[PDB]
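Cβ placement follows ideal geometry from the backbone for every residue including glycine, while neighbour counts extend to all protein chains displayed. Where a number appears in this text, it was derived from the coordinates with a stated rule and is not lab data.
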């Protein structure tokens, strides 16, 4: 855990992506029909949160998802087994879209390219 972690954690507050992100979860509920992300112009809902990570420092991005993921469920752990289960894969895809060759993640002093 690098001392610069504070910069990351602090910035996370600014990155209030969880608001739109939370909306995305709800969107998943309604989107339960079309949830399958189409190549032709993907859903903007996901893109909304994408900018936040994308705007968040790379090293901070690692901690961001971890903190946000836990915070998301904590804020309002949506109740759903089969439905949300599918969302899991989609969830990882959201940050993939903004993901970028990460050199090192100060999250527990990663070894390889986290």
Inter-part distance where the range 49-85 and the range 87-108 are each reduced to a Cα centre, Å = 10
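Using only helices, what value at 222 nm comes out for the chain when you add -39,500 (n - 2.57) per DSSP H run of length 4 or more and divide by the total residues, to the nearest 500 deg cm²/dmol?
-20500 deg cm²/dmol
Place the peptides 77-87, 47-57 in order of packing, highest mean first, counting for every residue the other Cβ atoms within 10 Å and averaging per peptide. Let's see the in-between values first.
Numbers: 77-87: 12.0, 47-57: 18.3.
For the peptides 77-87, 47-57, the packing ranking is 47-57, 77-87.
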query = Hey, if you drop one equal point scatterer on each alpha-carbon of the chain and run the Debye formula without solvent, what base-10 log of I(q)/I(0) do you get at q = 0.10 Å⁻¹?
reply = -0.31
query = Between residue 54 and residue 74, how many nm apart are label points set 7 Å from Cα along the C-beta direction?
reply = 2.7
request  = Measure nothing fancy, just the Cα-based angle from helix 17-30's long axis to the longest principal axis of the chain, in degrees from 0 to 90, nearest 10.
outcome  = 30
